[PDB]
Structures are given as C-alpha cells and as structure tokens.
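Student: If you scroll down you'll find the structure; I have some questions about it.
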Amino acid sequence: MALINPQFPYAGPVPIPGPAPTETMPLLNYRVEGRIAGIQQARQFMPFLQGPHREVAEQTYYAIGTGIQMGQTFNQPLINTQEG
Amino acid sequence: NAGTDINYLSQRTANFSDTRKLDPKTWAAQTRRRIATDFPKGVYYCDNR
C-alpha cells in the first residue's frame, strides 16, 4: 500500500543473475518397502498389576457356634406368705 | 584455534543466496543462545531444530 512518488517513480523489476535453475528443483525421494522387524511376543511380564486395588480394608467375619447349653442350680426365692 | 583461522561460516541455498553468513564470533554468539557457553577451540555448531 505504498504511495507512488510522481517526482521519482521507478519501473518494474529487471532481470538479474540467477541461481542455476536445476539446483532449485529437488528430487522426489524414492521410498523403499519396510517392515516392523521380528516376531512379537504375545504377552509381557509387567512390573505392575493390571487390576484394581482397595483404598481401605474392611473387617471380615465368620460365624461360630457356642456349645451345648446346660442347666443350672438357681438360688430359689422364698414363699410369698405375705412377707414380700 | 579460536576462530582466528576462519573468515566466515555460512549455509547456502542452491549455490547462491546465503541464509546465515557470519564471522566466527557472530557465529559463536548464536551458539551462546543455545548452550549458554561455547564449544572448545575449533568446534562450530549450527542449529536447525
């Protein structure tokens, strides 16, 4: 967006020496076929386990029984003959 | 020698229109922006990463 100087104008570009025209043109680089080499193993001996863990520990229980329940020799009360 | 046997180092396009033509101290000044020092005597590094 330059302003044209009317007192000192200039013309378009003139030819100048050039950079040997084939040396600015590249070759198209020619890929050969390739292979991810080797026979891959199916599994890996991992350093960490792959499953979930638990944040807190919960107390577990198992039921037990008591035993054969016996009789008893109670201390027996007195007879309510109007004193009680 | 520390640059005193080189006039300049450069990286030209085709055989014409250089892109970084520098004396051996301006060349080493661009290396000091990279590795915060400069290489031993005779070694010149050019970064194009």
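Each chain of the structure tokens is named A, B, ... in the order shown, its residues numbered from 1; ligands are numbered from 1 in display order.
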Quick one: which residues from chain A are at most 6 Å off chain B, using only C-alpha atoms, as a compact mmCIF listing (two decimals) with N, CA and C atoms, in the first residue's frame?
Tutor:
# COMPACT_ATOMS: atom_id res chain seq x y z
N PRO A 19 20.09 -18.38 -9.91
CA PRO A 19 20.73 -19.45 -9.13
C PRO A 19 20.74 -20.84 -9.76
N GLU A 23 19.17 -26.42 -9.78
CA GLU A 23 19.63 -26.58 -8.42
C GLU A 23 18.62 -26.05 -7.41
N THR A 24 17.53 -25.46 -7.88
CA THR A 24 16.37 -25.12 -7.07
C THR A 24 15.23 -26.12 -7.24
Student: Please identify the helix (DSSP H, G or I) residues within chain A (assignment by DSSP from backbone atoms) and present them as a VMD selection string.
Tutor: chain A and resid 21 to 24
Student: Those same residues, written as a PDB file, in the first residue's frame with N, CA, C and O atoms?
Tutor:
ATOM      1  N   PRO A  21      19.125 -22.928 -12.611  1.00  0.00           N
ATOM      2  CA  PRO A  21      17.719 -23.314 -12.336  1.00  0.00           C
ATOM      3  C   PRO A  21      17.430 -24.750 -11.912  1.00  0.00           C
ATOM      4  O   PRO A  21      16.403 -24.980 -11.266  1.00  0.00           O
ATOM      5  N   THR A  22      18.274 -25.721 -12.250  1.00  0.00           N
ATOM      6  CA  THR A  22      18.007 -27.085 -11.811  1.00  0.00           C
ATOM      7  C   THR A  22      18.362 -27.298 -10.354  1.00  0.00           C
ATOM      8  O   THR A  22      17.893 -28.263  -9.747  1.00  0.00           O
ATOM      9  N   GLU A  23      19.169 -26.420  -9.781  1.00  0.00           N
ATOM     10  CA  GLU A  23      19.634 -26.577  -8.416  1.00  0.00           C
ATOM     11  C   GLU A  23      18.619 -26.046  -7.408  1.00  0.00           C
ATOM     12  O   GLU A  23      18.813 -26.196  -6.199  1.00  0.00           O
ATOM     13  N   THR A  24      17.527 -25.458  -7.885  1.00  0.00           N
ATOM     14  CA  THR A  24      16.372 -25.121  -7.072  1.00  0.00           C
ATOM     15  C   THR A  24      15.235 -26.115  -7.245  1.00  0.00           C
ATOM     16  O   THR A  24      14.142 -25.882  -6.726  1.00  0.00           O
TER      17      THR A  24
END
Student: So that I can see what lies close to range 31-34 of chain B, please list as an MDAnalysis selection string the residues with an atom at most 9 Å from it, counting only C-alpha atoms and leaving out residues fewer than 2 positions away in the same chain.
Tutor: chainID B and resid 26:29 36:39 44:47
Student: Suppose we keep C-alpha atoms; can you now write the selection as a short mmCIF file (atom, residue, chain, number, x, y, z; two decimals), in the first residue's frame?
Tutor:
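Everything below was put into selection.cif:
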data_model
loop_
_atom_site.label_atom_id
_atom_site.label_comp_id
_atom_site.auth_asym_id
_atom_site.auth_seq_id
_atom_site.Cartn_x
_atom_site.Cartn_y
_atom_site.Cartn_z
CA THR B 26 28.79 -13.76 15.43
CA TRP B 27 28.58 -17.50 14.70
CA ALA B 28 29.63 -18.25 18.27
CA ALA B 29 27.14 -15.66 19.54
CA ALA B 36 24.87 -20.89 27.35
CA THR B 37 28.60 -21.20 26.57
CA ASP B 38 30.64 -22.06 23.51
CA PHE B 39 32.28 -25.29 22.35
CA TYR B 44 31.44 -24.85 15.34
CA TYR B 45 27.80 -25.77 15.87
CA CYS B 46 24.82 -25.00 13.63
CA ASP B 47 21.30 -25.47 14.97
#
Student: Got a sec: who's within 10 Å of residue 41 in chain B, counting only C-alpha atoms, leaving out chain neighbours fewer than 5 positions off, as an MDAnalysis selection string?
Tutor: chainID B and resid 1:3
Student: Keeping only N, CA, C and O atoms, take the residues you just selected and write them out as a PDB file, in the first residue's frame.
Tutor:
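selection.pdb was written with the following content:
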ATOM      1  N   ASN B   1      42.241 -23.491  16.823  1.00  0.00           N
ATOM      2  CA  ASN B   1      42.289 -22.065  17.087  1.00  0.00           C
ATOM      3  C   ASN B   1      40.885 -21.525  17.296  1.00  0.00           C
ATOM      4  O   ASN B   1      39.912 -22.042  16.744  1.00  0.00           O
ATOM      5  N   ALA B   2      40.791 -20.467  18.098  1.00  0.00           N
ATOM      6  CA  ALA B   2      39.503 -19.883  18.466  1.00  0.00           C
ATOM      7  C   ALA B   2      39.079 -18.855  17.418  1.00  0.00           C
ATOM      8  O   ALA B   2      39.083 -17.644  17.637  1.00  0.00           O
ATOM      9  N   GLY B   3      38.710 -19.372  16.249  1.00  0.00           N
ATOM     10  CA  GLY B   3      38.148 -18.565  15.189  1.00  0.00           C
ATOM     11  C   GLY B   3      39.136 -17.799  14.337  1.00  0.00           C
ATOM     12  O   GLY B   3      38.729 -17.228  13.321  1.00  0.00           O
TER      13      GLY B   3
END
Student: Taking 5 positions as the minimum chain separation for residues in the same chain, which residues sit within 7 Å of residue 10 in chain B when counting only C-alpha atoms? Answer as a PDB file with C-alpha atoms, in the first residue's frame.
Tutor:
ATOM      1  CA  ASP B  18      23.230 -17.429   1.610  1.00  0.00           C
ATOM      2  CA  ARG B  20      23.395 -17.232   7.579  1.00  0.00           C
ATOM      3  CA  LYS B  21      26.806 -15.845   6.590  1.00  0.00           C
ATOM      4  CA  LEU B  22      28.571 -14.875   9.809  1.00  0.00           C
TER       5      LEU B  22
END
Student: Just how far from CA of residue 27 in chain A is CA of residue 11 in chain B, in Å to one decimal?
Tutor: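 Computing it gives 20.0 Å between the two atoms.
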Student: Would you work out the distance separating CA of residue 24 in chain B from CA of residue 4 in chain B, expressed in Å to one decimal?
Tutor: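 Atom-to-atom, CA of residue 24 in chain B and CA of residue 4 in chain B are spaced 8.0 Å apart.
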